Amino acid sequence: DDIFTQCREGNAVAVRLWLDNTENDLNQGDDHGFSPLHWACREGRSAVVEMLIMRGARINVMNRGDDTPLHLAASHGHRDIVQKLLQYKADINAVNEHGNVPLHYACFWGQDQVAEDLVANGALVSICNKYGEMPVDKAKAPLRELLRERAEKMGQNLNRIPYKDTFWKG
């Protein structure tokens, strides 16, 4: 019945009472680094997501696989939560241990409206993960083509961008 379970389940009164004790650390991750905010986002618990954000939860926290809350909301198709996270300055191109961004997961799982919203907010379609796969190329064809069209008309360049980060080339 810890805070992580309450967030997964969307037990708003319990979460609110837990947060009322300022000795509790609302950013602290569980055994695999999932914060309260990660769980509420993953499971679609909109009211709890909002409560966490407005009480000061850090938006770009990372779990043990370097997923952010936005990766999880996108992956699980929670459209309103995606929008709330972006409003509160979530990094739309955040990068997990595999080089995947939130759009990779929205595409892979056919969360079409989330994927479209992400591109409408500027999410890059051409950025390869660590294994050379661009996010839109995880989608089925109708979505895949549509997102490239939407991105072009929003002024993106479609040139493939091989993966790089500060540690990639020693």
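Residue positions are given as counts along the sequence shown, with the first one as 1.
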_Of 10-18 and 149-157, the one with larger mean CA B-factor_ = 149-157
*Can you tell me which stretch has the higher mean Cα B-factor, 140-148 or 110-118?*
140-148
*Just grab whichever of 102, 56, 69, 44 has the top CA B-factor as deposited.*
56
*Compare the C-alpha B factor of residue 90 with those of the other modelled residues in its chain, then answer lowest, middle or highest third.*
highest
*Among the modelled residues of its chain, does the C-alpha B-factor of residue 129 lie in the lowest, middle or highest third?*
lowest
*Hey, what third does residue 84 fall into on Cα B-factor, ranked over its chain?*
highest
_Going by the CA temperature factor in the PDB record, which third of the chain does residue 60 belong to: lowest, middle or highest?_
highest
